[PDB]
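Undergrad: Partial complex here, more coming in a sec:
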Amino acid sequence: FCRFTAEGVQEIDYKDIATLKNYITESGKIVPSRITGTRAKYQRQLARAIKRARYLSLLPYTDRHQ
Amino acid sequence: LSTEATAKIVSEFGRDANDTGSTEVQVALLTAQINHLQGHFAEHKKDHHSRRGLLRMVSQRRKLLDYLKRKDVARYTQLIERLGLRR
Amino acid sequence: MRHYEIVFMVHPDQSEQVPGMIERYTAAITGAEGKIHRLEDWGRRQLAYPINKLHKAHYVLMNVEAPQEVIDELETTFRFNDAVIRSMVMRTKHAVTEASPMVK
């Protein structure tokens, strides 16, 4: 079930961790759209945010790294 | 260009800020874009996708001038000499 | 002149003059009438994955409206000085100012 269309956010943020941690699998892979039901544009902005936060070492590439 | 550049350029050739559609102001805008953009390709050799837009603007300017040629030669010549257009 | 978002990252033993970095950088931005909308200090923080065999480093964030020349001067200063390990620069569509969720 979707969240962004329900809450009516205009732009989704990349600094906050709580929202986008829900949309990653345990292994660091981004969850596909069809699993979660989020709309396509918001999924695209999600992925943009995942890369943007992952650059800053706020979110891991994959769970292999210690 | 930019909003202030367009706002200042429309008045130099058009009417009381509401016309912005005449042939004179149109050719002024296109020629401003061409004169500004020629410095881009002076360095970026490999680009060929914006060249299509450049040639489209040049063709539009040429078509406008050929229309003005039949329409009124006096304003045609005044525009070309005051803008610096060879023909 | 347009909006920008900037963060950078500081080596732990070099943290003692981080106020110096903030002072110098803010002076640089205001040197050309540049307007700062937000400054945050996140303190010492753990890393998701190590950088330069380092498990922790210092965090600083700011959000400014400033001209291109000052943005380049900043980015050159960060790439030249080794005291910063990573940097980020963005554009924004509007002058966002409200509270960041990172400290909420």
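TA: Perfect, thanks for sending it. Residues are numbered from 1 along each chain as shown, chains lettered A, B, ... in the order given.

Undergrad: Only the buried residues of the host helix or strand of residue C:46, if you could.
TA: Assigned by DSSP states H and E, residue C:46 falls within strand C:35-51. For strand C:35-51, a neighbour-count test (16 or more other C-beta atoms under 10 Å in any protein chain shown) marks nothing as buried. C-beta coordinates here come from the backbone N, C-alpha and C atoms, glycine included.

Undergrad: so what strands line up beside that strand?
TA: Taking DSSP bridges as the criterion, strand C:35-51 pairs within the sheet with strand C:54-66 (antiparallel).

Undergrad: any idea how far residue B:54 is from residue B:65?
TA: 17 Å (C-beta to C-beta, to the nearest Å).

Undergrad: And for residue C:23?
TA: Taking C-beta to C-beta, one finds residue C:23 at 58 Å from residue B:65.

Undergrad: and chain A, which residues reach chain C?
TA: By C-beta under 8 Å from any C-beta of the partner chain, the residues of chain A that approach chain C are A:11, A:13, A:15-18, A:52, A:55-61, A:65.

Undergrad: hmm, try it at 10 Å
TA: A:10-11, A:13-19, A:28, A:52-62, A:64-66 (C-beta under 10 Å from any C-beta of the partner chain).

Undergrad: In a strand, residue B:43, correct?
TA: No - counting by DSSP: H, G, I helix; E, B strand; the rest coil, residue B:43 is not found in a strand; it is coil.

Undergrad: measure it to residue B:32 for me?
TA: From residue B:43 to residue B:32 the distance is 20 Å (C-beta to C-beta).

Undergrad: So which of the two has more stuff around it?
TA: residue B:32 (15 against 7; other C-beta atoms under 10 Å in any protein chain shown).

Undergrad: Another chain to add, chain D:
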Amino acid sequence: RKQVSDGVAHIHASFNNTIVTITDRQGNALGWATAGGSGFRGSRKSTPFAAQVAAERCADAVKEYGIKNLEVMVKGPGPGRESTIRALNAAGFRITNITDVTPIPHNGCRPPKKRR
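TA: The block that follows adds chain D to the chains above:
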């Protein structure tokens, strides 16, 4: 000699061979065995029975250091190699965590082609 008692192990799980190595946490190799170190060749080696006998064979080398708890990473897509760690568990080694590391290149160097 030198007591470890909480050792770590690595297993390689290629299609053609299996290599087992026991590590003293920090990189250090103490004992190892391979599926080919007992005269095995050909189809007798492809099945995971060769891997299991190699795994039990590592024991007589490992028990000199007195290790009780064991840690292991598996690497390789070889069929039936996941059953190898059960042999070390039955050997008396207290397994507490089995991780997996398969090296996935992020579409890097181009892969060659197999036989048609």
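
Undergrad: need the helices for chain D, in chain order.
TA: All helices of chain D, identified by DSSP state H, fall at D:43-46, D:48-57, D:59-62, D:84-90.

Undergrad: which other helices and strands contact the last one?
TA: If you count contacts as 3 or more C-beta pairs under 10 Å, 6 or more residues apart in numbering or on different chains; DSSP states H and E, helix D:84-90 packs onto strand D:6-13, strand D:18-23, helix D:48-57, helix D:59-62, strand D:69-75, strand D:94-100.

Undergrad: How about the last one, which residues are buried there?
TA: Same thing as strand D:94-100. For strand D:94-100, by 16+ other C-beta under 10 Å, it's residue D:98.

Undergrad: Show residues contacting it.
TA: A:63-64, D:6, D:9, D:11, D:13, D:67-76, D:82, D:85-86, D:88-89 (C-beta atoms under 10 Å, 6 or more residues apart in numbering or on different chains).

Undergrad: Residue of chain C nearest chain A, please.
TA: residue C:101 (3.8 Å; C-beta to the nearest C-beta).

Undergrad: What sits closest to that residue if chain neighbours are left out?
TA: residue A:16 (3.8 Å; C-beta to C-beta, 6 or more residues apart in numbering or on different chains).

Undergrad: Check residue C:75 too.
TA: Once chain neighbours are set aside, the closest to residue C:75 by C-beta to C-beta, 6+ apart is residue C:89, at 6.3 Å.

Undergrad: do the same with residue D:89
TA: residue D:95 (5.0 Å).

Undergrad: ok so, going back, could you report the neighbour count for the residue nearest to residue C:101?
TA: 16.

Undergrad: Include this sequence as chain E:
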Amino acid sequence: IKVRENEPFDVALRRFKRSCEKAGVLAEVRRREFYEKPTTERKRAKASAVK
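TA: One more piece, chain E, placed on the ones above:
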């Protein structure tokens, strides 16, 4: 997945790679080539929809 679990021993738990990982990796990657002739592979996935 770091496999750390409670006291029960050898509860398998290795089976769930179905959801975490695409089973084709290391067979379509690091050897041979793939991704050619894509359209026929995708079309059959929905041509069977019937009522």
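
Undergrad: since we added chain E, can you redo the buried residues of strand D:94-100?
TA: Result for strand D:94-100 [16+ other C-beta under 10 Å]: buried residues D:95, D:98, D:100.

Undergrad: Flag every residue of chain A that's near chain D.
TA: Residues of chain A lying near chain D (C-beta under 10 Å from any C-beta): A:61, A:62, A:63, A:64.

Undergrad: Among the residues you listed, which one has the most neighbours?
TA: Neighbour max across the residues of chain A next to chain D (other C-beta under 10 Å) = residue A:64, 16 neighbours.

Undergrad: Out of the residues of chain A next to chain D, flag the one nearest to chain C.
TA: The nearest one, if we look at the residues of chain A next to chain D relative to chain C and count by C-beta to the nearest C-beta, is residue A:61, at 6.8 Å.

Undergrad: helix/strand/coil for that closest one?
TA: coil.

Undergrad: show me what contacts it?
TA: With C-beta under 10 Å, 6+ apart, residue A:61 has these contacts: A:27, A:28, A:29, A:54, C:48, C:49, D:106.

Undergrad: Just the ones of those in strands?
TA: C:48, C:49 (DSSP state E).

Undergrad: burial measure for residue B:73, as a count.
TA: For residue B:73, using other C-beta under 10 Å, the count is 10.

Undergrad: residue contacts, it?
TA: Residue B:73 touches nothing, counting by C-beta under 10 Å, 6+ apart.

Undergrad: Any idea what the residue nearest to residue A:50 when sequence neighbours are not counted is bridged to?
TA: Distance criterion C-beta to C-beta, 6+ apart; nearest residue to residue A:50, sequence neighbours excluded, is residue A:30 at 5.5 Å. As for beta bridges, residue A:30 partners with residue A:24 under DSSP bridges.

Undergrad: Tell me the spacing between residue A:30 and residue A:52.
TA: 13 Å.
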